[PDB]
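Trainee: Mind looking over this structure? Questions follow.
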Amino acid sequence: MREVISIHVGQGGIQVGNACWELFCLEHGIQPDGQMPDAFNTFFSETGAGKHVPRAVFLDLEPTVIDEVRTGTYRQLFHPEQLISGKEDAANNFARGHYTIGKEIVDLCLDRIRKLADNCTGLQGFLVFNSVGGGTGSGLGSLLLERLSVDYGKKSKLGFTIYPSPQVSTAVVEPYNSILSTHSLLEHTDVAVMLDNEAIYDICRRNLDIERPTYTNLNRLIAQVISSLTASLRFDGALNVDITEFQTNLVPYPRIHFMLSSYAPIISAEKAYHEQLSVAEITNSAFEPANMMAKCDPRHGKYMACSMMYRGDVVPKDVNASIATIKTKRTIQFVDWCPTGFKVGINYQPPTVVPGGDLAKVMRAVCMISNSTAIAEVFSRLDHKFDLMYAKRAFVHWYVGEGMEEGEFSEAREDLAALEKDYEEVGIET
Amino acid sequence: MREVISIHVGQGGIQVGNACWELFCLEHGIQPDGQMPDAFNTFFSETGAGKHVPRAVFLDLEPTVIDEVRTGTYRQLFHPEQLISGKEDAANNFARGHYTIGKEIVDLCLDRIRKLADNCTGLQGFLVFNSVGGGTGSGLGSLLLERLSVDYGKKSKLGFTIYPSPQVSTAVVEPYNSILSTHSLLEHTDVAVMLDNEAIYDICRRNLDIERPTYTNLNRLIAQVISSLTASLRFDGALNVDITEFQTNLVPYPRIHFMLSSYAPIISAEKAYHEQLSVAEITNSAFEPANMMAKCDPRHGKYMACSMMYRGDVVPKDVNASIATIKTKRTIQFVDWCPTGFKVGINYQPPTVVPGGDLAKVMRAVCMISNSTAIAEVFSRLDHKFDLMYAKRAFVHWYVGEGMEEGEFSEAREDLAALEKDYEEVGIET
Amino acid sequence: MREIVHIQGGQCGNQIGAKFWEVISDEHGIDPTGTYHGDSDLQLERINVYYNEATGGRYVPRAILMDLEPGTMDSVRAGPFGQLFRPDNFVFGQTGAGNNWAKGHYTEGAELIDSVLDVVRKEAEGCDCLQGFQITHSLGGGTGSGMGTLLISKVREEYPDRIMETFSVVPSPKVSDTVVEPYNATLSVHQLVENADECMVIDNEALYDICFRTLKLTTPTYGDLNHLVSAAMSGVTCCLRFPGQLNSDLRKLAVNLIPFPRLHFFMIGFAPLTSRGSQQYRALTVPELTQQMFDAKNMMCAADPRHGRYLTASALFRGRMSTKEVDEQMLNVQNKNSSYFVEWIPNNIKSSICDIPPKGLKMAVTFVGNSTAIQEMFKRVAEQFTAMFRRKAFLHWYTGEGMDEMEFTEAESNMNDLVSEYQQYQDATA
Amino acid sequence: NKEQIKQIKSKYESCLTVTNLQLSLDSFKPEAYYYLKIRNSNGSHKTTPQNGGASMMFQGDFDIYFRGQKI
Ligand SMILES: Nc1nc2c(ncn2[C@@H]2O[C@H](COP(=O)(O)OP(=O)(O)OP(=O)(O)O)[C@@H](O)[C@H]2O)c(=O)[nH]1
Ligand SMILES: Nc1nc2c(ncn2[C@@H]2O[C@H](COP(=O)(O)OP(=O)(O)OP(=O)(O)O)[C@@H](O)[C@H]2O)c(=O)[nH]1
Ligand SMILES: Nc1nc2c(ncn2[C@@H]2O[C@H](COP(=O)(O)OP(=O)(O)O)[C@@H](O)[C@H]2O)c(=O)[nH]1
Ligand SMILES: [Mg+2]
Ligand SMILES: [Mg+2]
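Residue numbers (the deposited numbering), protein chains in the order written: chain IE, 1 to 37, 47 to 439; chain HE, 1 to 37, 47 to 439; chain HD, 1 to 430; chain 3A, 143 to 213.
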């Protein structure tokens, strides 16, 4: 009687949704056709006899990815008319997907959301995935969040956004729409998790020893993180954690809800079994700055609160004996007004392996969600990138001619300045 | 619950580490694959099911030797990512491996050291092996010792350095980096053992009757000495000795910790069994000046303290009856302020034989570690060699252009002069 | 009633106890499983002296085993009669002292001793009527000679009226196994005189001499020395566990053998001792026992008893024999040797008879004599100490752990004062 | 400045500030410039070069941080 609905918008969102939906189907024993040859209820729904239907909706204005989905092996799984598709792409223009073509599509998506919500009885909250540096992704994510915040109100929404890397970039105009989308979801999303690609590339290179990774390898790690986060809702555990038990433990103030994640262990089968993978060493590896899932240095800032999930055969006393060691270290310092900052969850189900993938099978794993003061650097560098081109009003004509006003750029800049001032104000000791 | 970590840096260090690691695996019954077909815990660690992993790390900037290790029969034994390798060799230049390329590698080695140390609970100390007359060996050994002395503090470190022979030499510039490395480890290492190649060549020629020895024959004898030194930690004995029980017995003063070793018996199977190998004759052979493992004459100086280990079926009364005979002899004289100078250890496990090697199987053996005043001759001759070329500033441009200052050569000379004065000051009677 | 507890420390003390408890168990017919299988009724009447009672009818010694390293107690457990010791009484550290007195008395021994004092207090508070404590330790080691002597002071501070025994092995200059023996011997003798009610010195050199000359066995081992020491230890308290003509507890010996409170250093010896081949030739008679009892070579110390005069003497005869013969022989051994007995105290020999002989022997004698000849051992120990200290050799190891040279000077002065005032009574005349 | 001082004080056991360096040599080359290189195990400072004279005065404050040997 506990449910959650995941929203996938944009090319990156759909490509990570595919990645998480192989993993969930594999973890619950459901074949790609949707047929089994009481834990499924969190992500799926029973049709009365036979197949299961995911509680997910796919959105995009550009039809190529959806058409690829509707012809692959998973054509029989998803309901045919929840893969909403458009005709014309926003083409990396934020104003297009927020004012011009997204408005005519958003009504169908909201109707689908209502039709899925009326089925659930114990709706925990929503999940949303969107790559921020694109037109349709950021614009439609903003519009959907704004509609949901007023249609439903206090229901919790979680956002797994992928911000651009510090120096590596695929587009040339992504700072503009990244800043605008951050403006939009700052006052509209309860949790936002950092996911830039460069850090995960470094993780793959160093640990998985892959020298030529593709997007699928990144999306599989993200899917594993999602599964670790939501395992506690569908498996028995000695110390459970619910989604609604987050803003009471990780969010000191309503404005501050951007945090960065990490995962451990990450290791290949060729050298995994030569070492014992004790809980102490994995919880040490999870706190290593080089294993952050976002390219930010935690040594440059304080910690505010750490929520970290275990799964497997871990015993609570071993967890406490390792939290003490971390509190001992002099290179990790917490904020003054937080004496204890750890929330611990323990689950029994070990992580599942996907055949043909990178990760091996292990009995212990740890996933941490940590809120730290050091996150302000990404905001500062994105702001610096934005200012350089906004000084000469470059690329603005592509946005003014799509219905957006001239002054809309300035207030996003002011909100980022306010956020950066707030992060500095919080981190000073009393 | 007693552990020790061995560090191997440089070509000579790795080639003697290979020699000691066949011997340990053979002595504890572990196959080259790492699988057995409670004494192992000193050198190894249990992985939970099956194989054992050595508590050793291999370092080198030049990849050939490590690549040879990773393809031999012992490819499955060592953990794949503790064989740290560089790309560019230091090329016998000390300044390179201390200032230019060693700094970028030393961080990974220190991370590996931490990851190995957190596993141990009763860490006795560190062992380090390095041939002194090379760039990467001496430079990285100096840098690692300097980092460890501050990261851990009072933990004991033992250095099995191989100084150049009096006249036989392979390089032409090895006095410079030998003097600099002696400067570095004078104030940073608790024990240093002399190991020059010429004395061991003479030992092989006279006793083993080999007229064409190679480096492997030398390294096997060194490995046997190491095994004899560390046997007392992993086998039952009537009179045990620990590593921490050395600076209280062999080191009269903090500056004086260079001592020279000897081993007995050394004999081949073709003529070993014709003689009884009594304890008296082996302990007489161990004190013979021609059987010193370093080319120094003990008849030219006083003794300060002698620590000598037995293993096999030796009885303490026979040991005492032989110490008395040595005290009787007029050709061996101890220093005035030391009435008794012998520390005796007895162990039950006989030395193990390596198949296809030189040494035969015997029931009694003796290994002595003796600190004597005569060691100053090697310092004096190395100093004389250094001065000849430093008078004209030859080969200095190869060091000044690698970041080292001009005055760094002089202070090593001053420290050697201080050490030589100290050795003369200690040896005079009251 | 009037029972005592056993406390041992260090490797030497643990090895002594490992044979002392075997001898006691064999005397009382206790199997290595703790089950009584004796023949005589008297074997169980006074078993509360050394053994406690637990459920299931088995017996457990009230011994406390302490060391700064776990190896020796992990080895004694696997030996015969090793299962009798209660696992709770095993207390050990993870570091060791390395034969350094300062480490085993100031830095490491101070923190650990609380746990062992807890179990010591548990054992003493519970027992019916306390008689006292007996201590076995070696003065040639660091952890033993430090922690044992500090524990002596701690016990004396809490039980000032009980009696305290110490069986102390002092390092002889003939058979020397440690170079730093004089320092921790001299430091320990300083504290031992202030707190121990009785002290009994034992030397390895005298044990080897006895084994080689009287028993005439070819290859002595530590097992034979331990067996002799164990027989001597058991002989002292025999009449406290068995009926006899003249019972004499430890306090009665304390009254009669210590003239002045600072003169309580005895040397002991056991009779009869015969070779295997001559055990049929000899006939056991009181004259034969008493002639071997006062023999100079039979003393457990290298000190020559005809180099001084006895202040007093004691003998503990075992077996059933006539008292008239014992008294007349004691008178005869004192009339024929009037030159070696001090003249201002007449009738200075104490005798006692116990009707229960050792298992396998019909008569036995334990000799405890307070003589002025013991000065020679302290003289040579102080001679070596002052030969080594004048150059401040090995002093930095001790001074690096909070100790200073002033405590060395005070210890030397007090030891020399003891030496002088012990011989003061040798030249005293009436 | 307070955070930099705190990081310095966390890494080092002491500081020596050297000022007013006066060089006197038995012979100067009148045409040569001289500088002082002040070094320990943790780093080195350099003075500005000055022309050779019977006494040279190097101005500057040289903070030398220690972690062990005070040479
Ligand atoms: N982690 C990850 N990021 C992706 C992936 N695909 C695209 N991105 C990121 O998405 C950003 C651009 O947005 P996209 O998702 O590609 O395109 P969009 O969101 O659909 O917006 P449009 O361009 O209007 O179609 C790029 O900067 C990429 O970094 C992916 O498969 N994995
Ligand atoms: N005993 C012994 N000494 C060796 C061995 N190999 C090299 N050496 C000594 O090492 C000295 C030179 O240093 P190397 O170890 O060969 O080279 P390195 O330490 O790696 O330094 P680089 O030249 O920079 O690579 C020579 O003078 C040799 O005497 C060996 O196998 N056994
Ligand atoms: N009788 C006897 N003496 C021993 C034995 N083992 C060691 N010793 C003596 O103890 C001395 C060393 O003491 P040590 O082991 O260092 O004591 P620790 O420092 O407390 O461990 C040596 O001189 C030996 O003569 C043994 O099994 N029996
Ligand atoms: Mg697209
Ligand atoms: Mg090399």
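Every residue gets a Cβ at the ideal spot worked out from N, C-alpha and C, and that includes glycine.
Return no unless some Cβ of chain IE is closer than 8 Å to the Cβ of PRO175 (chain HE).
Mentor: Within the second sequence, numbered from 1, the residue matching residue 175 (chain HE) stands at position 166. At least 8 Å separates the CB of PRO175 (chain HE) from every CB of chain IE.
Trainee: Between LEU187 (chain HD) and the rest of its own chain, which residues show a CB-CB distance below 6 Å, the 5 nearest in sequence each way excluded?
Mentor: Translated into the one-based positions of the third sequence, residue 187 (chain HD) becomes position 187. So the qualifying residues of the chain are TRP101 and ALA411.
Trainee: So the candidates are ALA426 (chain IE), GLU90 (chain IE), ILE110 (chain IE) and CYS118 (chain IE); which of them puts its Cα closest to the Cα of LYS96 (chain IE)?
Mentor: Counting from one through the first sequence, the residue named residue 96 (chain IE) turns up at place 87. When only C-alpha atoms are compared, the closest one is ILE110 (chain IE).
Trainee: Would you grab the beta carbon distance between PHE242 (chain HD) and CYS354 (chain HD) for me? Rounded to a whole angstrom, and I think it's under 8 Å.
Mentor: For the purposes of this step, residue 242 (chain HD) is taken as residue 242 along the third sequence, with counting starting at 1. For the purposes of this step, residue 354 (chain HD) is taken as residue 354 along the third sequence, with counting starting at 1. Confirmed, Cβ separation roughly 6 Å.
Trainee: With respect to the beta strand (DSSP E) encompassing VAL202 (chain HE), which residues constitute its N-terminal and C-terminal limits?
Mentor: Along the second sequence, read from residue 1 onward, the residue named residue 202 (chain HE) stands at position 193. Where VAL202 (chain HE) is concerned, the enclosing beta strand (DSSP E) stretches over 200-203.
Trainee: Does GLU254 (chain HE) come within less than 8 Å of chain HD when only Cβ atoms are used?
Mentor: Reading the second sequence from its first residue, position 245 is the one you call residue 254 (chain HE). It does; some Cβ of chain HD falls within 8 Å.
Trainee: Along chain IE, which residues have their Cβ under 9 Å away from the Cβ of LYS60 (chain HE)?
Mentor: Residue 60 (chain HE) sits at position 51 when you count from the first residue of the second sequence. Chain IE residues near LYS60 (chain HE): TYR282 and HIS283.
Trainee: Does ligand 2 have even one heavy atom less than 7 Å from the beta-carbon of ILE171 (chain HE)?
Mentor: In the second sequence, the residue the question calls residue 171 (chain HE) occupies position 162. Yes, the beta carbon of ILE171 (chain HE) sits closer than 7 Å to at least one heavy atom of ligand 2.
Trainee: Within the same chain, show all residues whose beta-carbon is closer than 7 Å to that of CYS239 (chain HD), passing over the 5 residues directly before and after it, in chain order.
Mentor: Within the third sequence, numbered from 1, the residue matching residue 239 (chain HD) stands at position 239. Counting only Cβ-Cβ distances below 7 Å, and skipping sequence neighbours, we find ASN247, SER248, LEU316, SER352 and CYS354.
Trainee: Taking residue 39 (chain HE) as the reference, give the member of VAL387 (chain HE), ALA278 (chain HE), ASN300 (chain HE) and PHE388 (chain HE) with the closest Cα.
Mentor: One cannot assign coordinates to residue 39 (chain HE), given that chain HE in this structure leaps from 37 to 47.
Trainee: Using a threshold of 7 Å, is the CB atom of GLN8 (chain HD) nearer than that to any non-hydrogen atom of ligand 3?
Mentor: Mapped onto the third sequence, residue 8 (chain HD) falls at position 8. No.
Trainee: List, in chain order, every chain IE residue whose beta-carbon is nearer than 7 Å to that of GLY81 (chain HE).
Mentor: The residue given as residue 81 (chain HE) occupies position 72 in the second sequence. What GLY81 (chain HE) touches in chain IE: nothing, since even the nearest Cβ is about 17 Å away.
Trainee: Does the beta-carbon of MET372 (chain IE) have 16 or more other beta-carbons within 10 angstroms, so that it is buried, or is it exposed?
Mentor: Taking the first sequence and counting its residues from 1, one reaches residue 372 (chain IE) at position 363. Exposed, by the Cβ-count rule.
Trainee: Show which residues of chain HE have a CB atom less than 8 Å away from the CB atom of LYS179 (chain 3A).
Mentor: Position 37 of the fourth sequence holds residue 179 (chain 3A). One finds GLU414 and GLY416 in chain HE with Cβ atoms closer than 8 Å to the Cβ of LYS179 (chain 3A), taken in chain order.
Trainee: Do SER147 (chain IE) and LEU92 (chain IE) have their C-beta atoms within less than 8 Å of each other?
Mentor: Along the first sequence, read from residue 1 onward, the residue named residue 147 (chain IE) stands at position 138. Along the first sequence, read from residue 1 onward, the residue named residue 92 (chain IE) stands at position 83. In this structure, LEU92 (chain IE) does not lie closer than 8 Å to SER147 (chain IE) by Cβ.
Trainee: What residues from the segment 397-427 of chain HD come within 7 Å of chain HE, judged by C-beta to C-beta, listed N to C?
Mentor: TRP397
Trainee: Would you say the beta carbon of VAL182 (chain IE) is closer than 7 Å to some non-hydrogen atom of ligand 1?
Mentor: Stepping through the first sequence from its first residue, residue 182 (chain IE) is reached at position 173. False, no ligand heavy atom lies under 7 Å from that Cβ.
Trainee: Helix, strand or coil: how does DSSP classify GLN285 (chain HE) here?
Mentor: Residue 285 (chain HE) sits at position 276 when you count from the first residue of the second sequence. DSSP places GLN285 (chain HE) in coil when its eight states are reduced to three.
Trainee: Taking only beta-carbon positions, decide if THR130 (chain HE) is within less than 8 Å of chain IE.
Mentor: The sequence position of residue 130 (chain HE) within the second sequence is 121, counting from 1. Not one chain IE Cβ lies under 8 Å of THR130 (chain HE).
Trainee: Answer yes or no: the CB of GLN35 (chain HE) versus the heavy atoms of ligand 3, is any distance below 7 Å?
Mentor: Position 35 of the second sequence, counting from 1, holds the residue named residue 35 (chain HE). Incorrect: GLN35 (chain HE) has no Cβ contact closer than 7 Å to ligand 3.
Trainee: With a CB to CB cut of under 8 Å and the five nearest residues on each side skipped, what residues in its chain are close to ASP33 (chain IE)?
Mentor: Taking the first residue of the first sequence as position 1, residue 33 (chain IE) is located at position 33. Around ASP33 (chain IE): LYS60, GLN85 and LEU86.
Trainee: Going by alpha carbons, who is nearest to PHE244 (chain IE) out of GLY354 (chain IE), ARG121 (chain IE) and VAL74 (chain IE)?
Mentor: On the first sequence, residue 244 (chain IE) is found 235 positions in, with the first residue counted as 1. Of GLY354 (chain IE), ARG121 (chain IE) and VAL74 (chain IE), the residue nearest in Cα terms is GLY354 (chain IE).
Trainee: Grab the span of the beta strand (DSSP E) containing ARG181 (chain 3A) for me, first residue to last.
Mentor: If you number the fourth sequence from 1, residue 181 (chain 3A) lands on position 39. Segment 179-181, the beta strand (DSSP E) holding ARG181 (chain 3A).
Trainee: Between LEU68 (chain HE) and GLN15 (chain HE), what straight-line distance do the alpha-carbon atoms span, to the nearest angstrom?
Mentor: The sequence position of residue 68 (chain HE) within the second sequence is 59, counting from 1. The sequence position of residue 15 (chain HE) within the second sequence is 15, counting from 1. Using only the alpha carbons, I get a separation of about 11 Å.
Trainee: Tell me whether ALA330 (chain HE), by its Cβ, gets closer than 7 Å to a heavy atom of ligand 3.
Mentor: Here the question's residue 330 (chain HE) lines up with position 321 in the second sequence. The answer is no for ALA330 (chain HE).
Trainee: State yes or no: is the C-beta of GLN15 (chain HE) nearer than 7 Å to some heavy atom of ligand 2?
Mentor: Working through the second sequence from its first residue, we reach residue 15 (chain HE) at position 15. Yes, the beta carbon of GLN15 (chain HE) sits closer than 7 Å to at least one heavy atom of ligand 2.
Trainee: Return helix, strand or coil for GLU173 (chain 3A), following the three-state DSSP convention.
Mentor: Here the question's residue 173 (chain 3A) lines up with position 31 in the fourth sequence. Secondary structure of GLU173 (chain 3A) (DSSP, three-state): coil.
Trainee: Output yes or no for whether 8 Å exceeds the beta carbon distance between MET73 (chain HD) and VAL116 (chain HD).
Mentor: Here the question's residue 73 (chain HD) lines up with position 73 in the third sequence. Here the question's residue 116 (chain HD) lines up with position 116 in the third sequence. Result no, Cβ atoms of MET73 (chain HD) and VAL116 (chain HD) do not sit closer than 8 Å.
Trainee: Buried or exposed: which applies to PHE404 (chain IE), given that a residue is buried once 16 or more other Cβ atoms fall within 10 Å of its Cβ?
Mentor: Taking the first residue of the first sequence as position 1, residue 404 (chain IE) is located at position 395. Exposed.
Trainee: Please determine whether the Cβ atom of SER138 (chain HD) lies at a distance below 7 Å from any heavy atom of ligand 3.
Mentor: Looking up residue 138 (chain HD) in the third sequence gives position 138. Result yes, Cβ under 7 Å from ligand 3.
Trainee: For a minimum of 4 consecutive residues, which ranges assigned as the alpha helix (DSSP H) are wholly contained in the segment 55-108 of chain HD?
Mentor: Secondary structure remark: continuous alpha helix (DSSP H) runs of at least 4 residues inside the segment 55-108 of chain HD, in chain order: 71-76.
Trainee: May I have the straight-line CA-CA distance separating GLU438 (chain IE) from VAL344 (chain IE), to the nearest angstrom?
Mentor: Here residue 438 (chain IE) corresponds to residue number 429 of the first sequence, with the count starting at 1. Here residue 344 (chain IE) corresponds to residue number 335 of the first sequence, with the count starting at 1. If I take the Cα positions, the gap works out to 7 Å.
Trainee: At a CB-CB cut-off below 8 Å, which residues of chain HE make contact with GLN211 (chain 3A)?
Mentor: Along the fourth sequence, one-based indexing puts residue 211 (chain 3A) at 69. Residues of chain HE passing the Cβ test: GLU196.
Trainee: Between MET267 (chain HD) and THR136 (chain HD), what straight-line distance do the alpha-carbon atoms span, to the nearest angstrom?
Mentor: Taking the first residue of the third sequence as 1, we reach residue 267 (chain HD) at position 267. Taking the first residue of the third sequence as 1, we reach residue 136 (chain HD) at position 136. Looking at the two C-alpha atoms, the distance is approximately 15 Å.
Trainee: Is it the case that the Cβ atoms of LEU154 (chain HE) and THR198 (chain HE) are separated by a distance below 8 Å?
Mentor: Residue mapping note: residue 154 (chain HE) aligns to position 145 of the second sequence, counting from 1. Residue mapping note: residue 198 (chain HE) aligns to position 189 of the second sequence, counting from 1. Closer than 8 Å, so yes.
Trainee: Would you please state the rounded distance, in angstroms, between the beta carbons of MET415 (chain HD) and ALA387 (chain HD)? I believe it to be under 8 Å.
Mentor: Reading the third sequence from its first residue, position 415 is the one you call residue 415 (chain HD). Reading the third sequence from its first residue, position 387 is the one you call residue 387 (chain HD). Incorrect: roughly 14 Å between the Cβ atoms, too far for contact.
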